[PDB]
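A lone chain, given as structure tokens: the form deposited in one PDB entry.
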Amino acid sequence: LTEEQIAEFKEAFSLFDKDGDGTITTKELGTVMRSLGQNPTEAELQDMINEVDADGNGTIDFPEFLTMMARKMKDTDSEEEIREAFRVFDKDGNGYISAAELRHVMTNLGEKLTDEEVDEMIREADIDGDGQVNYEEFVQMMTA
């Protein structure tokens, strides 16, 4: 790990952990998933948590959250899950995620960000330098 990978991962954790109590619950997981256009059942939420629930307390703490990261880094999400994620961001469907589109998704996740901060995330993911994120750039981002 790097210092900035840890900081990246802690912020990712704090968006699932809505009440900042240190554990992600099925209710918090369900709330995030609905804000990203998904609709898991209560049992699917339990299945997701149980796949990385090391100590069997039914919630996900930061270490378990990291281990999930390293897992989907080894075996990536399926193509269709990555395609679905892209569609969540690319709301006009034109093939490119803009800063405005990234901003709209962050507002649904309850993430406060300046405009420059949104622009920074776009620039980091952009490869060809057109200032937008196409599917290929998105796939590369999501697969480590």
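Heads up: residue numbers just count along the shown sequence, starting at 1.
- For the two regions 62 to 70 and 115 to 123, the entry's Cα B-factors average higher over 62 to 70.
- If you average the C-alpha B-factors over 75 to 83 and over 90 to 98, the higher value belongs to 75 to 83.
- Taking only the listed residues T107, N39, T26, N57, the entry reports the highest CA temperature factor at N57.
- Among the modelled residues of the chain, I6 sits in the highest third by CA temperature factor in this PDB entry.
- Among all modelled residues in its chain, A144 ranks in the highest third by Cα B-factor.
- Ranked within its chain, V32 lands in the lowest third, by CA B factor from the PDB record.
- In the PDB entry, a CA B factor belonging to the lowest third of its chain's modelled residues is recorded for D130.
Below, we turn to the form deposited in another entry, even though it does not appear here.
- The rigid parts of the chain swing between this form and the one not shown, and the hinge residue from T76, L109, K27, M121 is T76.
- Figure legend: C-alpha atoms of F86 and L36, shown here, are separated by at least 3 angstroms more in that other deposited form.
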